[PDB]
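Novice: Below is coords_4.cif; it holds mmCIF, N, CA and C atoms.
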data_model
#
loop_
_atom_site.label_atom_id
_atom_site.label_comp_id
_atom_site.auth_asym_id
_atom_site.auth_seq_id
_atom_site.Cartn_x
_atom_site.Cartn_y
_atom_site.Cartn_z
N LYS A 11 12.41 6.96 6.99
CA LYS A 11 12.12 5.53 6.71
C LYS A 11 10.90 5.06 7.49
N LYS A 12 10.69 5.64 8.67
CA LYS A 12 9.56 5.28 9.51
C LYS A 12 8.25 5.77 8.90
N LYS A 13 8.22 7.04 8.50
CA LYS A 13 7.03 7.63 7.89
C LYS A 13 6.69 6.92 6.58
N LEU A 14 7.73 6.60 5.81
CA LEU A 14 7.55 5.92 4.53
C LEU A 14 7.01 4.51 4.74
N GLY A 15 7.42 3.88 5.84
CA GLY A 15 6.97 2.53 6.14
C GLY A 15 5.46 2.46 6.31
N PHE A 16 4.85 3.60 6.58
CA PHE A 16 3.40 3.67 6.77
C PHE A 16 2.70 3.79 5.42
N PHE A 17 3.22 4.65 4.56
CA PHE A 17 2.64 4.86 3.24
C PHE A 17 2.79 3.61 2.38
N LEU A 18 3.75 2.75 2.75
CA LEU A 18 3.99 1.51 2.03
C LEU A 18 2.98 0.44 2.43
N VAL A 19 2.83 0.23 3.73
CA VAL A 19 1.89 -0.77 4.23
C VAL A 19 0.46 -0.41 3.84
N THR A 20 0.14 0.88 3.89
CA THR A 20 -1.19 1.35 3.52
C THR A 20 -1.47 1.06 2.05
N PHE A 21 -0.42 1.10 1.25
CA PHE A 21 -0.54 0.83 -0.18
C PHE A 21 -0.86 -0.64 -0.42
N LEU A 22 -0.39 -1.49 0.48
CA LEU A 22 -0.63 -2.92 0.37
C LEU A 22 -2.04 -3.26 0.83
N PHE A 23 -2.64 -2.33 1.57
CA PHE A 23 -4.00 -2.51 2.07
C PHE A 23 -5.01 -2.10 1.01
N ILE A 24 -4.78 -0.95 0.39
CA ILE A 24 -5.66 -0.44 -0.64
C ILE A 24 -5.57 -1.29 -1.90
N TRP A 25 -4.38 -1.82 -2.18
CA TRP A 25 -4.17 -2.66 -3.35
C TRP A 25 -4.96 -3.96 -3.24
N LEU A 26 -4.89 -4.60 -2.08
CA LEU A 26 -5.60 -5.85 -1.85
C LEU A 26 -7.11 -5.64 -1.93
N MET A 27 -7.55 -4.42 -1.68
CA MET A 27 -8.97 -4.10 -1.73
C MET A 27 -9.48 -4.24 -3.16
N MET A 28 -8.60 -3.99 -4.12
CA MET A 28 -8.95 -4.11 -5.53
C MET A 28 -8.85 -5.56 -5.97
N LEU A 29 -8.08 -6.35 -5.22
CA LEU A 29 -7.91 -7.76 -5.52
C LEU A 29 -9.25 -8.48 -5.40
N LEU A 30 -9.97 -8.19 -4.32
CA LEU A 30 -11.28 -8.79 -4.10
C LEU A 30 -12.23 -8.37 -5.21
N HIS A 31 -12.05 -7.16 -5.71
CA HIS A 31 -12.88 -6.63 -6.78
C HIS A 31 -12.55 -7.34 -8.09
N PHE A 32 -11.30 -7.79 -8.21
CA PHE A 32 -10.85 -8.50 -9.40
C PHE A 32 -11.57 -9.83 -9.54
N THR A 33 -11.70 -10.56 -8.43
CA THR A 33 -12.38 -11.85 -8.43
C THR A 33 -13.86 -11.68 -8.75
N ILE A 34 -14.44 -10.59 -8.27
CA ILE A 34 -15.84 -10.30 -8.52
C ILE A 34 -16.07 -9.92 -9.98
N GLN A 35 -15.05 -9.32 -10.58
CA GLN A 35 -15.11 -8.89 -11.97
C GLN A 35 -15.09 -10.09 -12.91
N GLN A 36 -14.12 -10.99 -12.71
CA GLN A 36 -13.99 -12.17 -13.54
C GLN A 36 -15.24 -13.04 -13.47
N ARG A 37 -15.86 -13.07 -12.30
CA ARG A 37 -17.07 -13.86 -12.09
C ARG A 37 -18.23 -13.35 -12.94
N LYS A 38 -18.18 -12.06 -13.27
CA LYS A 38 -19.23 -11.45 -14.09
C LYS A 38 -19.02 -11.75 -15.56
N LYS A 39 -17.75 -11.84 -15.97
CA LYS A 39 -17.41 -12.12 -17.36
C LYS A 39 -15.91 -12.39 -17.50
#
Mind converting the file's structure to structure tokens?
Specialist:
Amino acid sequence: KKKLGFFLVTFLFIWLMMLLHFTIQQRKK
């Protein structure tokens, strides 16, 4: 559960990285 807790939080970090890209995408079209 401890090791998995890391792969989970990291997933929330990489996911949010695409969120910022989403706003930049909509702004283009």
Novice: If you measure from atom N of residue 18 in chain A to atom N of residue 31 in chain A, what distance in Å do you get, rounded to one decimal?
Specialist: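 Answer for the atom N of residue 18 in chain A to atom N of residue 31 in chain A separation: 20.5 Å.
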Novice: What gap, in Å, lies between CA of residue 19 in chain A and CA of residue 37 in chain A?
Specialist: 28.2 Å
Novice: What does the distance between CA of residue 30 in chain A and CA of residue 17 in chain A come to in Å, to one decimal place?
Specialist: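 Straight-line distance from CA of residue 30 in chain A to CA of residue 17 in chain A works out to 20.8 Å.
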